[PDB]
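Since the structure comes first, as structure tokens, the remarks are kept for the end.
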Amino acid sequence: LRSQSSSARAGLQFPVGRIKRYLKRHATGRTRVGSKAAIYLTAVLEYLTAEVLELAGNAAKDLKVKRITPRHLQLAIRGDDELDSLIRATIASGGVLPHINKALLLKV
Amino acid sequence: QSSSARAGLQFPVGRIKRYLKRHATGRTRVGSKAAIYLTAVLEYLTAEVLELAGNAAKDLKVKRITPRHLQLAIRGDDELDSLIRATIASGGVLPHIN
Amino acid sequence: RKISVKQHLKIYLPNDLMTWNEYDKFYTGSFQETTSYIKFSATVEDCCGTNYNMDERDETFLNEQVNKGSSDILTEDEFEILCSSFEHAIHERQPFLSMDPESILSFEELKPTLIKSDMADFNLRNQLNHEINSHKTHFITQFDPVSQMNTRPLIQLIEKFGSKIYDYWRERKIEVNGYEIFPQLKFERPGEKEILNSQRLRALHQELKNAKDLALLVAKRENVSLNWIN
Amino acid sequence: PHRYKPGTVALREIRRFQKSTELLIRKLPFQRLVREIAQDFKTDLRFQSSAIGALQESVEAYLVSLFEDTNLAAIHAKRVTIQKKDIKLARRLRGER
Amino acid sequence: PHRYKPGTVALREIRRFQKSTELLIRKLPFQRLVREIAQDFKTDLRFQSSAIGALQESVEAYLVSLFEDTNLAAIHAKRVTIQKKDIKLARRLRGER
Amino acid sequence: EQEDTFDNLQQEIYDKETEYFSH
Amino acid sequence: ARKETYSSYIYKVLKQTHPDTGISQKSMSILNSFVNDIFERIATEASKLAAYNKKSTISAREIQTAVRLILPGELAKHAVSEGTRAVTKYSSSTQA
Amino acid sequence: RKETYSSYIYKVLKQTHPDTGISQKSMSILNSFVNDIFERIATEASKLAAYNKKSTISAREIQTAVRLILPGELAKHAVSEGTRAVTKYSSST
Amino acid sequence: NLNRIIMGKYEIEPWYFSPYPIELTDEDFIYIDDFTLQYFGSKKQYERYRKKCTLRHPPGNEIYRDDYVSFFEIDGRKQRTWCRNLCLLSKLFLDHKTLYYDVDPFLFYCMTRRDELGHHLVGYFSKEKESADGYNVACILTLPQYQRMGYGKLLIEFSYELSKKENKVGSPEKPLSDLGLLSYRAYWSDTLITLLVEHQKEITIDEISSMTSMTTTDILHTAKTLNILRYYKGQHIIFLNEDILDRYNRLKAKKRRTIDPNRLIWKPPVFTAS
Amino acid sequence: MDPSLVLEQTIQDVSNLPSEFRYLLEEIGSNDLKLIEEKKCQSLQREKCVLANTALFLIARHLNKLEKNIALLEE
Amino acid sequence: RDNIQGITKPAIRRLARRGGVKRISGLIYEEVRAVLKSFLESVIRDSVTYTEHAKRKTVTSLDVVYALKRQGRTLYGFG
Amino acid sequence: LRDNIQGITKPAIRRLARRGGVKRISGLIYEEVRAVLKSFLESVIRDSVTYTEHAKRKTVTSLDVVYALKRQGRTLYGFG
DNA sequence: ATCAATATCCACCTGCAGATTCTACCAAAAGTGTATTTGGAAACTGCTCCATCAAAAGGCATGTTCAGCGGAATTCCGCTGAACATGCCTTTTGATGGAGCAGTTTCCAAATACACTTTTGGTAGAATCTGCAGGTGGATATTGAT
DNA sequence: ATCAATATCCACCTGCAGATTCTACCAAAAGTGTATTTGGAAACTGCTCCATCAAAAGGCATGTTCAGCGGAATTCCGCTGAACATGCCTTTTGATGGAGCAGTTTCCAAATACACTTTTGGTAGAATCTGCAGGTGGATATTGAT
């Protein structure tokens, strides 16, 4: 709509110069190709935007219109997509997968 | 004269500095730190080697071979966790039987 | 947006919120089923034998016109078979027949060819008859059609009547350039419309031959069961 | 003077507590352990709350995974009581000599 | 004929392959099986035959990995043989993903 | 008048059963 | 008192996914650390791969293979896709 | 077309017992051992290189790194020797 | 259409326009028999084949018959000539295959019925004699003799129970038949509710590759057919659903003619020469 | 051609006569249980040699190509 | 001093019934607190070295959690 | 282009478990230890081929599988 | 306790690759000076935030019985560790053999560093309101006495 | 098995952090318009590698076996936990209290890039000895049945 773009070229959603001086502050090599240094918008987006669609139903199931943390690494190791990298995430009281042995219940 | 002999021990310096140049993002650093940074291999590379040779007293395998090398530095146990990560061309394992 | 995976569970109960006119005389007769399955190993081409039959167009000169004063009785069952033969009794020896129906080769030089020719190795059962001694009865299977208990050998159709078989077999190749009444396919192309011998296999002449000697008496326990009625 | 079959309210405790993520511990004796065992190496050292809490629950996760682990090790040997050296070899097999 | 006892001649064969360290597998069925399960998700990917040397010692590495800890699981379980939930416990003990 | 090849042939199969396909 | 605030972008996109939806803040810092940790580790890997390729510019494509490899394959495909649709609108140094 | 390091390891070996000999699975395998312990010290350098919170790097990061990565007695006498050698480098004016 | 097909009982106007007059471009009235089902145009060779009757059961190998029908498995390599020619019936009609090479090894399963007039050739679906990409079923056709009973849908009840002793997967191929969908999912429809009525335990969707032999790229594809994938309750829940309370009453109160896994004899072959 | 391609033709049917072994011999010994009591009746004879004939004809239609494979692989 | 019994069978009653075991060997105490303390004094000791060479004898969580991110079980969430 | 499986390869166990000090086995875990070997290694060789196609190579190297083995995280001797 | 056939230990003896320590050749990171750096060395200030008590109540030890559950061995069996005549792709064994290297060579896209630059996210931090973690009762799920 | 005592589900509701979201400044950059540099790309191109190609040795491998011992299933002594009522201890949530840690200053020790100049640590190399794996031969462990 405008000639002045904020890199409006991406419909963009993430801060850009911040990732560029991120790129300047770990910067082991000297060069990361700059038009392809705009791919890092895909570097952020994804599973965080996957969990926000993942975390819908329980929040209304426990009748809660905003978000609280603790139901999340439970579904992470339950989420078969991310669970391979989801080992090093440990949370301040964000939980476990709780599970009871069926063999614990002797039905007596 | 040499950065071995100016540093006065066996090893030279600045190439490993260039490796930490090719490791770098602060992009420059002091020349005088590097020799003790260079020490880290030395004061490592002792910690495994002739520790074999207590077994050399009674067997005369006077060339070092690889499965001879891993015989009792493997028993030099204080680093040994870090070398379960060490893999190797046909290393070998030993008993602990119950 | 993703799709499901293994290992999971299912919640079951809880609180969730004009008929063509001519087949009746064409097929009657019954098939015998066994109580078990069938092993079948005979080709469908020799179930047909020849894939050749001849329609009304030439046999309106002969079936109701020549049978009037024929000395040997002339049917149709003897004739349609013999003129189906010799196309394959000569197929080894003119694969350059292709280009011209003027190059049909006449019977006067088919005399040493087709008289002692052998139709896809035709005559294999008569030298198979002498050790089998089906000499009284006549060599019939049901893989064979029943048109051989009635029909007669190849000689005394030729050497009584042979000068009039090739004759109208000749003129009706040039109108199609030598093709058959059924041109075979579009088979000029598959196109569109319009050291091992020396170790173990030498029992191949031992483990199928160990019953060929039995095979001369696989008949004999039924070849003994025949001469009793009459 | 009436009680049900012995063992039932533990199941309730499983439900609520593995369901829970509220902590357990007084901060003080835990960090008193860390201070007694760290002041030896240099006196006058302090610490921050997220460490004690997360360290607590992380080693809880450590142990409680070990508890279920040797649970199915005991019923793997078809029993319930785990041993010491069961959890030792599991954790040895997790990476610590 | 004379026949050795079950186990103590297994003890010398324990000592025999402990006395071994050497090469395990043949070249061929391994290299082709991994080659064809790579052939699918890209048509024919070359392996350095030297790196097939690296692959043969690589599959040495996986076999020594899994068999050292299956040894240790068997000596956990009070059992002479090894089986499934040994390796299940070891794998989730081991972190497959 | 007709039972001659009928009785002098039937020892072959028990001469055949242990002959070839028993080994 | 000298920081950056990262819950807003996911906050805006969370309401645009789920219409009136708020946040808890701890997970914000959890996953910001999580994403830049796994990002910097694949960065160090990618730079070393760009060292032992002996050619001196890090690309989109090799780190993209990294987020095809250790990122999981469905959302890896999603990653390639959304990066490519980003770049196929990253061509407009033009009028339309 | 490469450098070697094991020659330095040989002269260290004659500083130790010069007596022993060389197999070449063992010479190549000590070469790979020393190469990946070299990259190992490079790696723990990377992590300090991150969270120094610094931009131009000190030498106490070197001393503390060789203090911090490694077990008790070998690393202690290591850092003693390393300071000793660089201080005698410094005395070698 | 051209040169319309008088085949057995009920005729058809042929579907793809003229691969009956490939070179056959002058006649009108075409007479088809059943056994080898020869595509005879012309008149007075065909009743001559009624003199030529030697076959009361066709060349089809048998691993099955029920009370009613029998099943055919067709090695087209022993009988060479005709065992290509049956798709030319399809090439007039179901054009979705190739005649590009006179292809040697390719496989079938055709189909028949025991009629007291004789064995009744009643159609086929396609097959491959290999192991490449699913290689069981590609093209569904219920022949223009007769369509409208249940065997009009029972072409695809055959690949899967072969896969039991075969112990690997069979998977349909890309030239689909459009009406075959109302067999395709319709066959796989009640299969999902089979181990649903029991087995409330954990299922893996390749344990139904040990139950139904289905591949991962397609066992999920048939899953979302009944959009059966509710979540955010604790797992991916199949959601036992009130509409489907019918046909696991109606599969057992309006039971339908399916087969038995025991009465069949087959063993896996060996692929040898090329 | 070679000795190697001669086995390729001579296994499959060679593995199918055992199917013919496992299919044919049974009904020879089945249609004959009732008849010795007689010792249909006068017109059933025409089939009993026919199914014997396929127990006779079934073997030489192969040898017309088969036995001459020995001669070309020996010369 | 000897406050090892801060963690005990009430503690591991909760955090061991959470394991789903029922009957502990009711002398697991010393060794579980041992491995607990091995992790903790190890991880805090090199955290302390970092931060008191950064000249600070309190410790944040980030350094200590990177040191246990060497064993990989990293807490996040407080910066 | 042999698109056939031979992966049920071998009870090599008979010294897979005499390298260690463990007694008799009787197995049948063969199939899945094959599978777990193959699955782990295919996960690491798609790594190596992605490396090699970053280098746009046809093959993976001994060096490349060294990159694989360090990056799953057990460091490899003998091969640089 | 004892007989007696297999398996291994140590000085001696022979092929077999080869190690190593340097000659031929190199080459390029290295040793020290000089300018200009600049972050940090190191100290100063600000103002803390990890440390000190006081009132009650809320969980742990110790119970007494019990007890559900094994702790260590019974009989069986099965299935198999140690045997085995006799096949197997494999292994040497060079050779074919051809084709993506890698190492040099060679344009340009452009990333990156340069200085400007219109606005937009870090924080100060309150309005306000507002769902929101939970107190208090109805319907009902679980579960023991005999 | 049919009550009655607990326990989950659930309804409706009670004083909050406190989210949060917002103005408001406000630093404060990240997008705007050039510069200078290359590393990318890639391309050319002998070649050495890898995948076959074939064949007498060929140590395992194949099915096949034979009669042993944990595994399974299964046993009573004996009880360490386990069920919670009575006794007791350190607590949590509220009040002050101080030397050390965030953030900020002046001087300095060291370092980039450069400019000189070179040894030396590096590569392919093949002589000599030789080290080592490997083959020979007598004396010493090691078990299964009687």
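Compactness of chain E was expressed as the Cα radius of gyration divided by 2.2 N^0.38 Å, which yields 1.43. Helices meeting the span-like rule in chain H (full DSSP H runs, Cα extent of at least 15 Å along the helix axis, mean Kyte-Doolittle score of -1.0 or higher): H:24-51, H:73-91. In this structure, the pairs whose alpha-carbon distance is over 24 Å, taken from D:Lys88/K:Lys37; G:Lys54/L:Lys58; D:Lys78/I:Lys164; F:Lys16/J:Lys65; E:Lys85/L:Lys10, are D:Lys78/I:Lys164; F:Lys16/J:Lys65. Residues in region A:93-108 carry Karplus couplings, in order, of 6, x, x, 9, 8, x, 7, 9, 5, 5, 6, 5, 6, 8, 6, 9 Hz; the curve used is 6.51 cos²θ - 1.76 cosθ + 1.60 with θ = phi - 60°, and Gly or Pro positions show x. Treat each spin label as a single point 7 Å out from the Cα along the C-beta direction, and report the C:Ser163 to G:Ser81 distance in nm. Result: 8.7 nm between the two label points. Multiplying each eigenvalue of the alpha-carbon gyration tensor of chain H by 5 and taking the square root yields semi-axes of 28, 19, 14 Å, largest first, rounded to whole angstroms. Summarising the amide proton neighbourhood of D:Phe47: residues at separation of 5 or more, or on other chains, whose placed amide H is nearer than 5 Å comprise K:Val59.
Assign unit charges at the C-beta atoms only (+1 for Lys and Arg, -1 for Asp and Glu), then state the dipole size of region G:1-94 relative to its Cα centre in Debye, rounded to the nearest 20.
220 debye
Across peptide I:148-155, the average count of Cβ atoms from other chains found within 10 Å of a residue's Cβ is 0. Taken along the Cα-to-beta-carbon direction at a fixed 7 Å, the label points for J:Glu67 and J:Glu47 span 3.3 nm. Sites listed here are GluC sites (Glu not before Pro) in region I:80-135 whose DSSP assignment is loop and whose Cβ has at most 12 other Cβ atoms within 10 Å: I:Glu116, I:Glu130. Cross-link partners for C:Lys160 among the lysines, with Cα-Cα distance under 24 Å and sequence neighbours closer than 8 places in the same chain left out: C:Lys68, C:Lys111, C:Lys116. For chain L, the Kirkwood estimate of hydrodynamic radius, built from reciprocal distances between every pair of different alpha carbons, is 15.0 Å. Most simply put, the protein assembly as shown has about 65% antiparallel DSSP beta bridges, counting only bridges with both residues inside it.
Partner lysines whose Cα lies under 21 Å from the Cα of E:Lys19, excluding those fewer than 8 positions away in the same chain, are identified as B:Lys58, B:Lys61, B:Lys63, E:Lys5, H:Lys25, L:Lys23. The Kirkwood radius of region I:181-253, taken over pairs of alpha-carbon atoms, gives through the Stokes-Einstein law at 4 °C and 1.567 mPa s a diffusion coefficient of 99 µm² s⁻¹.
A simple packing score, the average count of other Cβ atoms within 10 Å per residue, orders the peptides J:61-69, I:80-88 as I:80-88, J:61-69, with the highest score first. Computed from Cα atoms, the angle from the helix E:28-39 axis to the main principal axis of chain E rounds to 50 degrees. If you take all other residues with their beta carbon under 14 Å from the beta carbon of I:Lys224, and give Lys and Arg +1 and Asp and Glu -1, the sum is +3. The mean number of Cβ atoms from other chains found within 10 Å of a Cβ in peptide E:40-53 is 5, as a whole number. Mean silhouette area of chain A, derived from the convex hull of its C-alpha atoms and averaged over all directions, reads 12.2 nm². Each principal axis of the Cα cloud of chain C was taken in turn, and the coordinate range along them, longest first, works out to 97, 55, 55 Å. In the protein assembly as shown, the C-alpha radius of gyration followed by the widest Cα-Cα span (Dmax) gives 42.3, 141 angstrom. The trypsin sites (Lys or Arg not before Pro) of region D:17-56 that meet both conditions, a loop assignment by DSSP and at most 13 other Cβ atoms within 10 Å of the site Cβ, are D:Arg26, D:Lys42, D:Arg46. Phi-derived couplings, Karplus 6.51 cos²θ - 1.76 cosθ + 1.60 at θ = phi - 60°, listed residue by residue for region D:86-97: 4, 5, 4, 7, 5, 7, 3, 7, 8, x, 10, 5 Hz, with x used for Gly and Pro.
Using the alpha-carbon atoms, what tilt in degrees (0 to 90, nearest 10) does helix K:29-53 show relative to the longest principal axis of chain K? Computed tilt is about 10 degrees.
For chain H, the set of GluC sites (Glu not before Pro) satisfying both a DSSP loop assignment and a count of at most 14 other C-beta atoms within 10 Å is given as H:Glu3.
Computed over the Cα atoms of region B:48-90, pair by distinct pair, the Kirkwood hydrodynamic radius stands at 11.1 angstrom. Taking θ as phi - 60° and the Karplus parameters 6.51, -1.76 and 1.60, the scalar couplings of region D:46-51 work out to 10, 7, 10, 5, 5, 5 Hz in sequence order, x denoting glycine and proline. When the Cα convex hull of region I:1-144 is projected onto planes of every orientation, the mean area is 9.4 nm². Across q = 0.21, 0.26, 0.28 Å⁻¹, region A:1-44 modelled as identical point scatterers on its alpha-carbon atoms has Debye log10 I(q)/I(0) values of -0.74, -1.01, -1.11, in the order of the q list. Note on H:6-16: average number of Cβ atoms from other chains within 10 Å of each residue's Cβ is 3.
In this analysis, Cβ positions are derived from the backbone assuming ideal geometry, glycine residues included, and neighbour counts consider all displayed protein chains. Each value in this text was obtained by applying a stated rule to the coordinates, not by laboratory testing.
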